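So the structure is just underneath, and the comments pick up after that.
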Number of protein chains: 2
Amino acid sequence: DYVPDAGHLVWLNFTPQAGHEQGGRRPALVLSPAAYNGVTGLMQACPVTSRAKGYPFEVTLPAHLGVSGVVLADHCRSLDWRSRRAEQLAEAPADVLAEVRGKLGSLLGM
Amino acid sequence: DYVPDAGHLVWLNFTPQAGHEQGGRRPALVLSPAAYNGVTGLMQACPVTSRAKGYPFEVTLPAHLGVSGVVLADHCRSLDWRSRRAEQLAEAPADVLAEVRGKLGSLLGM
């Protein structure tokens, strides 16, 4: 009965995807709250990749979480987290969630 | 040489998708700016349906844009717009963009 909540890092399959969208099973930083995620079966989450290109939209995860890679803030997507088999991994610190949101917000024109 | 820009309504294939994610070929409201869209080949956009479910995160498109329906603000996702074959259709008015952004921002925890 796990419902991802905002700030959770979950393992999720980003496949299926198209083109340059992130694919593959990897952590994902959940941005939407569990109340939405649980009522819809969807969530907004950003994939984490170990193939960091060092660009500013990549938000690094503190080593303490045990989740390698960077959050690709700009790659946030509406995801069916049951279909994509979300599995809880960890919880990101508030500052990572704030940085990802600020960067994604700038991308979305907020 | 079209690069989608923020506020554009484009026709796009939301397939491939998983599960409850919005699929199908339909309009999309682009939120991210062309500078990003053109450098990455990705964009953040929300799907449009001409058949509203009647929920608050739908944002109705005004008449006379030649694209009708509602923008599903909560279904925004990072999309490879070349893979999904974005075709420019129209430009949404600033108030639609702002309402979509405000709704999506609430979803994303901003």
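Following the order of the structure tokens, first chain is A, next is B, and so on, with residues numbered from 1 inside each chain and ligands from 1 in the order they appear.
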Item to check | Residue hits in chain B, query chain A, radius 7 Å, only C-alpha atoms, as a PyMOL selection string | outcome: chain B and resi 16-21+31-32+44+75-80+83+101+107-110
Save the residues we just selected, N, CA and C atoms, as an mmCIF file, in the first residue's frame?
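And here is the file that came out, result-v4.cif:
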data_model
loop_
_atom_site.group_PDB
_atom_site.id
_atom_site.type_symbol
_atom_site.label_atom_id
_atom_site.label_comp_id
_atom_site.auth_asym_id
_atom_site.auth_seq_id
_atom_site.Cartn_x
_atom_site.Cartn_y
_atom_site.Cartn_z
ATOM 1 N N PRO B 16 4.401 6.901 -26.974
ATOM 2 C CA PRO B 16 4.204 5.935 -25.914
ATOM 3 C C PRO B 16 4.034 6.528 -24.514
ATOM 4 N N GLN B 17 3.254 5.810 -23.740
ATOM 5 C CA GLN B 17 2.995 6.137 -22.330
ATOM 6 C C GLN B 17 2.760 4.814 -21.610
ATOM 7 N N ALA B 18 2.631 4.909 -20.312
ATOM 8 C CA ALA B 18 2.352 3.741 -19.512
ATOM 9 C C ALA B 18 1.099 3.980 -18.735
ATOM 10 N N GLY B 19 0.304 2.918 -18.584
ATOM 11 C CA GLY B 19 -0.738 2.943 -17.583
ATOM 12 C C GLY B 19 -1.725 4.050 -17.808
ATOM 13 N N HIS B 20 -1.965 4.787 -16.722
ATOM 14 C CA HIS B 20 -2.927 5.918 -16.648
ATOM 15 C C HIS B 20 -2.335 7.211 -17.206
ATOM 16 N N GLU B 21 -1.093 7.194 -17.702
ATOM 17 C CA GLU B 21 -0.546 8.404 -18.282
ATOM 18 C C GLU B 21 -1.312 8.738 -19.528
ATOM 19 N N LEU B 31 4.965 24.382 -22.134
ATOM 20 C CA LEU B 31 5.273 25.292 -21.054
ATOM 21 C C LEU B 31 6.690 25.772 -21.057
ATOM 22 N N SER B 32 7.587 24.978 -21.518
ATOM 23 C CA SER B 32 8.983 25.327 -21.523
ATOM 24 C C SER B 32 9.310 26.169 -22.727
ATOM 25 N N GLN B 44 8.529 20.545 -21.874
ATOM 26 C CA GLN B 44 7.493 20.244 -20.924
ATOM 27 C C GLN B 44 6.219 20.706 -21.539
ATOM 28 N N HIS B 75 -0.945 16.705 -16.149
ATOM 29 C CA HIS B 75 -0.337 15.677 -16.969
ATOM 30 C C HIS B 75 0.845 16.195 -17.712
ATOM 31 N N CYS B 76 1.394 17.282 -17.228
ATOM 32 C CA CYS B 76 2.585 17.827 -17.888
ATOM 33 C C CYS B 76 3.716 16.806 -17.832
ATOM 34 N N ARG B 77 4.463 16.729 -18.918
ATOM 35 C CA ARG B 77 5.654 15.869 -18.839
ATOM 36 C C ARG B 77 6.687 16.330 -19.845
ATOM 37 N N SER B 78 7.890 15.906 -19.532
ATOM 38 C CA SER B 78 9.061 16.047 -20.402
ATOM 39 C C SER B 78 8.783 15.148 -21.602
ATOM 40 N N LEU B 79 8.810 15.740 -22.768
ATOM 41 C CA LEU B 79 8.443 15.075 -23.991
ATOM 42 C C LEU B 79 9.498 15.351 -25.042
ATOM 43 N N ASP B 80 9.905 14.320 -25.769
ATOM 44 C CA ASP B 80 10.734 14.510 -26.947
ATOM 45 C C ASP B 80 9.822 14.909 -28.061
ATOM 46 N N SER B 83 10.436 13.264 -31.577
ATOM 47 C CA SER B 83 10.011 11.849 -31.604
ATOM 48 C C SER B 83 8.486 11.797 -31.634
ATOM 49 N N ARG B 101 0.080 26.903 -15.432
ATOM 50 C CA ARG B 101 1.281 26.914 -14.623
ATOM 51 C C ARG B 101 0.947 26.979 -13.160
ATOM 52 N N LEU B 107 0.590 21.226 -8.110
ATOM 53 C CA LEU B 107 0.827 19.805 -8.148
ATOM 54 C C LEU B 107 2.263 19.481 -7.819
ATOM 55 N N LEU B 108 3.192 20.265 -8.318
ATOM 56 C CA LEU B 108 4.607 19.988 -8.175
ATOM 57 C C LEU B 108 5.135 20.479 -6.858
ATOM 58 N N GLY B 109 4.319 21.157 -6.060
ATOM 59 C CA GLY B 109 4.782 21.528 -4.727
ATOM 60 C C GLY B 109 5.524 22.824 -4.731
ATOM 61 N N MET B 110 5.295 23.667 -5.714
ATOM 62 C CA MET B 110 5.954 24.945 -5.780
ATOM 63 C C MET B 110 5.049 26.010 -5.160
#
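Residues of chain B that DSSP places in helix (DSSP H, G or I), based on the backbone of this structure, are residues 34, 35, 36, 37, 38, 39, 40, 73, 74, 75, 94, 95, 96, 97, 98, 99, 100, 101, 102, 103, 104, 105, 106, 107 and 108 of chain B.
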Take the residues from that selection and write them out as an mmCIF file, in the first residue's frame, keeping N, CA, C and O atoms.
data_model
loop_
_atom_site.group_PDB
_atom_site.id
_atom_site.type_symbol
_atom_site.label_atom_id
_atom_site.label_comp_id
_atom_site.auth_asym_id
_atom_site.auth_seq_id
_atom_site.Cartn_x
_atom_site.Cartn_y
_atom_site.Cartn_z
ATOM 1 N N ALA B 34 11.275 27.934 -25.957
ATOM 2 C CA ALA B 34 11.934 27.373 -27.094
ATOM 3 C C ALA B 34 13.443 27.285 -26.904
ATOM 4 O O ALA B 34 14.056 26.393 -27.440
ATOM 5 N N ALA B 35 14.045 28.180 -26.125
ATOM 6 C CA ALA B 35 15.486 28.069 -25.934
ATOM 7 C C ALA B 35 15.831 26.738 -25.337
ATOM 8 O O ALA B 35 16.807 26.097 -25.727
ATOM 9 N N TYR B 36 15.022 26.278 -24.381
ATOM 10 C CA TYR B 36 15.256 24.956 -23.823
ATOM 11 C C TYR B 36 14.826 23.880 -24.790
ATOM 12 O O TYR B 36 15.540 22.903 -25.007
ATOM 13 N N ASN B 37 13.678 24.068 -25.392
ATOM 14 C CA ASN B 37 13.137 23.015 -26.231
ATOM 15 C C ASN B 37 14.052 22.773 -27.392
ATOM 16 O O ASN B 37 14.198 21.640 -27.850
ATOM 17 N N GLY B 38 14.693 23.831 -27.876
ATOM 18 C CA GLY B 38 15.499 23.693 -29.061
ATOM 19 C C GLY B 38 16.866 23.190 -28.729
ATOM 20 O O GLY B 38 17.510 22.616 -29.587
ATOM 21 N N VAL B 39 17.350 23.387 -27.515
ATOM 22 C CA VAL B 39 18.656 22.843 -27.228
ATOM 23 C C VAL B 39 18.570 21.406 -26.806
ATOM 24 O O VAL B 39 19.500 20.634 -26.992
ATOM 25 N N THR B 40 17.478 20.984 -26.204
ATOM 26 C CA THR B 40 17.385 19.636 -25.677
ATOM 27 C C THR B 40 16.623 18.724 -26.597
ATOM 28 O O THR B 40 16.812 17.528 -26.510
ATOM 29 N N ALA B 73 -3.566 20.101 -16.829
ATOM 30 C CA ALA B 73 -2.372 20.707 -16.267
ATOM 31 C C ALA B 73 -1.582 19.714 -15.473
ATOM 32 O O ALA B 73 -0.357 19.805 -15.446
ATOM 33 N N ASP B 74 -2.216 18.732 -14.877
ATOM 34 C CA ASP B 74 -1.465 17.830 -14.035
ATOM 35 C C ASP B 74 -0.740 16.775 -14.839
ATOM 36 O O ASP B 74 0.081 16.049 -14.286
ATOM 37 N N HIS B 75 -0.945 16.705 -16.149
ATOM 38 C CA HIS B 75 -0.337 15.677 -16.969
ATOM 39 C C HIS B 75 0.845 16.195 -17.712
ATOM 40 O O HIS B 75 1.288 15.576 -18.661
ATOM 41 N N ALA B 94 -2.049 34.093 -22.704
ATOM 42 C CA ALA B 94 -1.298 34.160 -21.475
ATOM 43 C C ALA B 94 -2.110 33.686 -20.290
ATOM 44 O O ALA B 94 -1.549 33.085 -19.394
ATOM 45 N N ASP B 95 -3.418 33.946 -20.239
ATOM 46 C CA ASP B 95 -4.142 33.539 -19.042
ATOM 47 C C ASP B 95 -4.251 32.030 -18.955
ATOM 48 O O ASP B 95 -4.215 31.491 -17.852
ATOM 49 N N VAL B 96 -4.373 31.349 -20.083
ATOM 50 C CA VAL B 96 -4.382 29.891 -20.048
ATOM 51 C C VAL B 96 -3.057 29.399 -19.533
ATOM 52 O O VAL B 96 -2.984 28.535 -18.655
ATOM 53 N N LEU B 97 -1.966 29.936 -20.075
ATOM 54 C CA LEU B 97 -0.649 29.512 -19.623
ATOM 55 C C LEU B 97 -0.515 29.742 -18.147
ATOM 56 O O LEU B 97 -0.049 28.883 -17.394
ATOM 57 N N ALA B 98 -0.907 30.918 -17.699
ATOM 58 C CA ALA B 98 -0.731 31.211 -16.306
ATOM 59 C C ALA B 98 -1.564 30.277 -15.450
ATOM 60 O O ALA B 98 -1.124 29.847 -14.390
ATOM 61 N N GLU B 99 -2.771 29.933 -15.900
ATOM 62 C CA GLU B 99 -3.604 29.084 -15.073
ATOM 63 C C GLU B 99 -3.038 27.684 -15.052
ATOM 64 O O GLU B 99 -3.000 27.048 -14.009
ATOM 65 N N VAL B 100 -2.557 27.214 -16.195
ATOM 66 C CA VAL B 100 -1.951 25.894 -16.233
ATOM 67 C C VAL B 100 -0.739 25.868 -15.351
ATOM 68 O O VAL B 100 -0.549 24.956 -14.565
ATOM 69 N N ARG B 101 0.080 26.903 -15.432
ATOM 70 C CA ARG B 101 1.281 26.914 -14.623
ATOM 71 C C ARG B 101 0.947 26.979 -13.160
ATOM 72 O O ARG B 101 1.600 26.334 -12.356
ATOM 73 N N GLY B 102 -0.089 27.725 -12.792
ATOM 74 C CA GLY B 102 -0.386 27.816 -11.391
ATOM 75 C C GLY B 102 -0.866 26.479 -10.870
ATOM 76 O O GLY B 102 -0.477 26.032 -9.791
ATOM 77 N N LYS B 103 -1.660 25.789 -11.679
ATOM 78 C CA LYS B 103 -2.182 24.505 -11.265
ATOM 79 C C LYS B 103 -1.078 23.472 -11.218
ATOM 80 O O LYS B 103 -0.937 22.722 -10.248
ATOM 81 N N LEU B 104 -0.251 23.443 -12.249
ATOM 82 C CA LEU B 104 0.818 22.472 -12.264
ATOM 83 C C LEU B 104 1.765 22.781 -11.137
ATOM 84 O O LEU B 104 2.314 21.881 -10.518
ATOM 85 N N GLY B 105 2.011 24.044 -10.877
ATOM 86 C CA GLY B 105 2.928 24.368 -9.808
ATOM 87 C C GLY B 105 2.416 23.890 -8.478
ATOM 88 O O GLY B 105 3.193 23.408 -7.643
ATOM 89 N N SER B 106 1.104 23.934 -8.285
ATOM 90 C CA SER B 106 0.572 23.422 -7.043
ATOM 91 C C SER B 106 0.780 21.919 -6.984
ATOM 92 O O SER B 106 1.149 21.370 -5.945
ATOM 93 N N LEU B 107 0.590 21.226 -8.110
ATOM 94 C CA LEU B 107 0.827 19.805 -8.148
ATOM 95 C C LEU B 107 2.263 19.481 -7.819
ATOM 96 O O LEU B 107 2.546 18.510 -7.117
ATOM 97 N N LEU B 108 3.192 20.265 -8.318
ATOM 98 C CA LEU B 108 4.607 19.988 -8.175
ATOM 99 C C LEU B 108 5.135 20.479 -6.858
ATOM 100 O O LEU B 108 6.295 20.260 -6.594
#
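Least-squares superposition of chain A onto chain B, taking every C-alpha atom paired in order, leaves an RMSD of 0.4 Å.
Residues in contact with residue 53 in chain B at 12 Å, where only C-alpha atoms are counted and same-chain residues fewer than 6 positions away are skipped, are listed as residues 59, 60, 69, 70, 71 and 72 of chain B.
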Checklist entry - In chain B, what's strand (DSSP E or B) per DSSP? Answer as a ChimeraX atom specification? => result /B:8-13,25-30,42-49,58-60,70-72,77-80,87-91
Write the residues of the preceding selection, restricted to C-alpha atoms, as a compact mmCIF listing (two decimals), in the first residue's frame.
# COMPACT_ATOMS: atom_id res chain seq x y z
CA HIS B 8 2.31 27.07 -28.20
CA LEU B 9 -0.31 24.50 -28.74
CA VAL B 10 1.17 21.70 -30.74
CA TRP B 11 -0.15 18.44 -31.96
CA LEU B 12 1.83 15.70 -30.35
CA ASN B 13 1.73 12.00 -29.75
CA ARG B 25 -2.19 12.13 -30.50
CA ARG B 26 -3.69 15.36 -29.41
CA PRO B 27 -2.79 18.95 -28.77
CA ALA B 28 -0.36 19.90 -26.10
CA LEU B 29 0.32 23.15 -24.41
CA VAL B 30 4.02 23.81 -24.27
CA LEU B 42 12.61 17.99 -25.07
CA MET B 43 9.89 20.17 -23.79
CA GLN B 44 7.49 20.24 -20.92
CA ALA B 45 4.00 20.19 -22.20
CA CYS B 46 0.59 19.31 -21.05
CA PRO B 47 -1.83 17.27 -23.10
CA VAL B 48 -5.12 18.62 -24.24
CA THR B 49 -8.30 16.68 -24.50
CA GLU B 58 -8.28 21.06 -16.48
CA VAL B 59 -7.86 24.45 -18.03
CA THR B 60 -10.32 25.29 -20.73
CA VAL B 70 -8.94 21.47 -21.88
CA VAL B 71 -5.35 21.41 -20.99
CA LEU B 72 -4.66 18.73 -18.45
CA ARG B 77 5.65 15.87 -18.84
CA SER B 78 9.06 16.05 -20.40
CA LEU B 79 8.44 15.08 -23.99
CA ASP B 80 10.73 14.51 -26.95
CA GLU B 87 3.25 20.27 -35.10
CA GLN B 88 2.48 23.85 -34.31
CA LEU B 89 -1.24 24.53 -34.10
CA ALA B 90 -1.86 27.74 -32.21
CA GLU B 91 -0.78 29.83 -29.28
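Using only C-alpha atoms, the protein and nucleic acid residues lying no more than 9 Å from residue 65 in chain A, apart from those fewer than 2 places from it along its own chain, are residues 61, 62, 63, 67, 68, 89, 90, 91, 92 and 93 of chain A.
Here CA of residue 5 in chain A is placed at a distance of 24.6 Å from CA of residue 56 in chain A.
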